[PDB]
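Chain letters run A, B, ... following the sequence lines, proteins first, then strands; residues in each count from 1. Side chains included, hydrogens not; waters and symmetry mates left out as well; all remaining heavy atoms used.
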Amino acid sequence: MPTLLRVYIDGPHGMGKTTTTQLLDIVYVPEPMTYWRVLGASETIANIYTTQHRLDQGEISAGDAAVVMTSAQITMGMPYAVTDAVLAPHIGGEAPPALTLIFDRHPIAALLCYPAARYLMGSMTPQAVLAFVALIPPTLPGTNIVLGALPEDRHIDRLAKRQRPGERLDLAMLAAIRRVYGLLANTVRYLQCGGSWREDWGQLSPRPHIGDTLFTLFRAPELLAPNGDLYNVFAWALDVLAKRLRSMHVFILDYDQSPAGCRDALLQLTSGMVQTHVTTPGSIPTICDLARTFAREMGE
Amino acid sequence: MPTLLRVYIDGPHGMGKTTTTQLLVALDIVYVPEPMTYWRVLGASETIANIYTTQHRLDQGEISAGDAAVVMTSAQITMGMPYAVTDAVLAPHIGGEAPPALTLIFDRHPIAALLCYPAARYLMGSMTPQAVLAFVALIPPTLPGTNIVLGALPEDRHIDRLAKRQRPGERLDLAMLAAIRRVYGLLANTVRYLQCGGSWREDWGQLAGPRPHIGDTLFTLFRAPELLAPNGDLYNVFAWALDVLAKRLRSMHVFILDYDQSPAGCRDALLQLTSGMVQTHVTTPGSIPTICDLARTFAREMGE
Ligand SMILES: O=c1[nH]c(=O)n([C@H]2C[C@H](O)[C@@H](CO)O2)cc1-c1ccc(Br)s1
Ligand SMILES: O=c1[nH]c(=O)n([C@H]2C[C@H](O)[C@@H](CO)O2)cc1-c1ccc(Br)s1
């Protein structure tokens, strides 16, 4: 069968991502803005930022913020969820690629990365973050995740330039979110280096120290038994997290440059990403139509 | 290679499902109960109490529809968390379909929290079909040998039992009973529909035994203004979800059990249906013990 290349450009918002991918037998699946602002619900992004603002002003409580916050993360990952779902069966085993799919963000941003950041923000229960993790679909072969690198003040400047409507410059949420992708990038090398959280978990009391991995966020008092132990339910959700992330291929793009440069770099990492065969002759065309119809309908 | 026999007992609450499964188990056979301790304490505080009060608040006109949806959606993520973790942990051992070396008697399948309960809440107006389809996209891949025993039981006889089998924080809500009763009937019809060659897209225009009418399946829940494009066709985002709703269920093995009989009767009834069920091999020979302990542990920690 012919081969495919799936590339998910991911990282914190405000790093110039959509811009540089649009500057790129290659389809680009955008961010489903229409689905957030209109299809799934009314102005999901506004809701997120507003709510946290009410929590920051104490106009509402950590728990009401959690439910609203929780209910929104659902609307945000839905389009990505279904795409991976319908896409999954066509992807074959790892292997010029007959089709290159550039996606704007992977599902883990919705089922892991943003949820965690909001936890880090006192707006999402760690119990909920782990519920989402538990739902992270299996990791198809050839899943290349590009995460971005960019100096803080530079990223603050950028965050400032363009924001979806309803947003708010939230410098904490920036640091919260920059923290997560940083930890996530660390977890992957850890898992890949042979690290076992169960074996290293006691330390929280050639590879990253589990203190610099995503595992360190779940030493959360609400996840532990009166004697300090993690409840098994939760220990298992970390076996899923471990399971899902270890197979991903993470590629770093330095965003501290010009779109032309970022673009030129993005295409550059491509030389080492992993391709896979498709399942049917007609997989490529079906995939091509899905990615174009996804774009057409949800990209504003 | 050893085989495994997985059996998920689901259906509307208040039919006596938990009892009989225990009964049956009291006769290489491990149970996986409902994770009440997670619902009452671990994941959140009193989730079931939260659910029945919210609906109730909405009905009293004391909150809105968007408050309920936000709360309900939130409550459902908690309710199905344990099922979701269990399924993902077990999945790698589940192998090809093939007496069983191990029999795992589950209490409710992931789809109950990712589909049926959501769908029913939607029918109650405390959930949106967009949220349902979000959950549906999150239903995990249907493992081989997914045998589901649903429970039949006449309504009045159900009402009486429900009135009896309440949960801590539960309210006698017949409306929800009827809703939950309708949703599970559609599930069975749907699985029959999908298996007799049915295709929703083909029969979309139209909105044991013979193939059911698409309008007697779950696909009919999703004919909502919210999901339609001005051109009148389902938006593709949802259409693609319904594609997964059909993929997930098409390979399940549904069996129906009659709950209009004594506890020792359902036990024997269910014990009868069990023989015609699909087993499967395990991935590693040592997968059985592991599976045995995950189940016992799930039981020991979240059962109550
Ligand atoms: O889950 C989310 N939650 C969230 O608050 N955001 C924010 C960041 C920015 O302000 C705007 C667009 O990225 O919305 C994004 C996401 C995700 C988008 C796509 C996926 Br997958 S997850
Ligand atoms: O999603 C749910 N929603 C819900 O309202 N219930 C109610 C019904 C009854 O009052 C009680 C116990 O099932 O909880 C149960 C569930 C689930 C339990 C297990 C799974 Br999977 S889904």
Region of A/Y231 in contact with chain B, defined by heavy-atom distances below 4.5 Å: both
Most contacts with chain A, counted as non-hydrogen pairs under 4.5 angstrom, among B/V70, B/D87, B/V71, B/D67: B/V70
Interatomic distance, A/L111 atom CG to B/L138 atom CG [nearest 0.5 angstrom]: 5.5 Å
Donor-acceptor pairs under 3.5 Å, side chain of residues 128-136 of chain B to any protein atom, not counting sequence neighbours: which ones?
residue	atom	partner	partner atom	Å
B/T128	OG1	B/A131	N	3.3
B/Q130	NE2	A/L39	O	3.2

Can you give me every donor-acceptor pair (side chain of residues 295-304 of chain B, partner residue at least two apart or in another chain, under 3.5 Å) with its distance?
residue	atom	partner	partner atom	Å
B/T297	OG1	B/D293	O	2.6
B/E301	OE1	A/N232	N	2.8
B/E301	OE1	A/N232	ND2	3.0
B/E301	OE2	A/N232	N	3.2
B/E301	OE2	A/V233	N	3.0
B/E304	OE1	B/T37	OG1	2.7

From CH2 (B/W240) to CE (A/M78), nearest 0.5 Å: 10.5 Å
Which portion of A/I136 sits near chain B, non-hydrogen atoms under 4.5 angstrom: neither
Residue-level contacts of residues 52-63 of chain A with chain B, using a heavy-atom cutoff under 4.5 Å: none
Minimum-distance pair of heavy atoms, taken over all atoms of A/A134 and B/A88: O-CB, 4.4 Å
Per-residue contacts, residues 217-226 of chain A versus chain B, heavy atoms under 4.5 Å: A/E222
Chain A interface, residue from B/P92, B/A44, B/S74 that has the most non-hydrogen pairs under 4.5 Å: B/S74
Proximity breakdown for B/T73 and chain A, heavy-atom pairs closer than 4.5 Å: side chain
